[PDB]
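The chain below stands alone, shown as structure tokens; this is the form deposited in one PDB entry.
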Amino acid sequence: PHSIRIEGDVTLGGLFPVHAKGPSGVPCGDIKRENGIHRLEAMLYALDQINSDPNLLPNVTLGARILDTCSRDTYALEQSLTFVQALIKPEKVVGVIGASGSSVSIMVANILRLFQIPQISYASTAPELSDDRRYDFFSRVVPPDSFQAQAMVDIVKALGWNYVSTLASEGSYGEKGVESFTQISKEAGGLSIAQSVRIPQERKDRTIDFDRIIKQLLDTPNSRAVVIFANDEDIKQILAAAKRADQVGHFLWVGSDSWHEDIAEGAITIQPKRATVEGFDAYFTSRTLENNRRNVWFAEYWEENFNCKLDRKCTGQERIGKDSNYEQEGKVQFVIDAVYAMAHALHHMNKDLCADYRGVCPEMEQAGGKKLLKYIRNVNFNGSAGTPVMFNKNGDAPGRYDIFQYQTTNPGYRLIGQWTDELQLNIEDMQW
């Protein structure tokens, strides 16, 4: 109902959107099965892995205080005060994993700075978080969208889409993405923005006409492509409308939280490199109501996931993946790697400040978050998908993206390239 509290020598805070935003006056709405429950469980799995690992924090157990953000920055701010109760068996929190949404992470980062508590996000890509003046204690295992914007300009230019229109969801994400993309395009040369269209907020009183919006973009003079900065709901409707359109277009889209469908052939997207962590699937799919009381939200997840109540009644014999559809949520790798980054930082701090000791020294206990922050910023290790985890001077993961195209040759998103220190576009793998 409230929180997951796990005792340990040092305690990690966690922030996840276990629930969506509630109706209007209510803070919390429905369970978010993938973005909330899978991500939370990824942290719990990571802690279990570290706590059984004899070569990482050999004599130091990791505990946790994991809280629900209800996808609201105000609610998360209030929750975050739990992490400082020892200062103001009182819980002393050395670092925080989260939040998910960028607005949530920003708000959280503002309070955690004041108490010198380092934070590592597994999903927040807002460029403003890279500014170490305002967000010195904030790091992230995902890259900022500033890198993504450059990659988009690079792809658009390489494909010869020298006149484009932009389409963005209403909100600060879409506005920021378009101004960022626009600014980079001005600096690059050979790329002109024909028009910028904004999608209205999804009000219950109306139904947005995506067919009209797409038709107008495809009839714009000069425009070779549409570049899309979208939320989850908007992207699904935009690409369905694109598929239904009278004319074929070129589409490049970013945003959403994903990693039968109605998607226009050849639509391109660019998203941070990630992969399935197989050990997590075995853990998560074997969870039951009997063996997973640790997750205090798991009974609610169960009722939603199997459409039953504890009006079909839950038996407890339902199994994840058998009686429901299961695919690993795309950011599980990042949650795990955030937790491992914190652990590697603590391991090195312990080895530098301590020796031959059961648990944490007074010297390590006295080091504080400013010092742990430096250790965090200097970690360098192979993460849960066998790829390197590190941060730049601003606390940002390097810009490493895969490029996908939706294909109907023989149907789904296919890997057609990547953007790292170079742009690799495999023109031979693309549909023409």
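In this text, the rigid core denotes the largest set of C-alpha atoms whose superposition between the two forms falls within 1.5 Å. Note that residue numbering follows the sequence shown and begins at 1.
Omitted from view is the form deposited in another entry, to which the following refers.
Quiz prompt | Core-superposed comparison between this form and the one not shown: the option from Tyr326, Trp161, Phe115, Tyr283 whose CA moves 2 angstroms or more | solution = The displaced C-alpha is that of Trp161.
Quiz item: Honestly, after the rigid core fit, is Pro143 moving at least 2 Å at Cα between this form and the one not shown?
Solution: No, its C-alpha moves less than 2 Å.
Quiz item: Core-aligned, is the CA shift for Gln271 between this form and the one not shown 2 angstroms or more?
Solution: Shift of 2 Å or more: yes.
Quiz prompt | Displaced residue check between this form and the one not shown: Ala230, CA, 2 Å or over, core reference | solution = Moves: yes, 2 Å or greater.
Quiz prompt | Change in CA distance between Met43 and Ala230 in that other deposited form, which is 3 Å or more, as closer or farther | solution = Compared with the form shown here, the C-alpha atoms of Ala230 and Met43 sit farther apart in that other deposited form, by 3 Å or more.
Quiz prompt | Direction of the Cα shift between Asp232 and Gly98 in that other deposited form, where the change is 3 Å or more | solution = Distance between the C-alphas of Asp232 and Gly98: longer in that other deposited form, by 3 Å or more.
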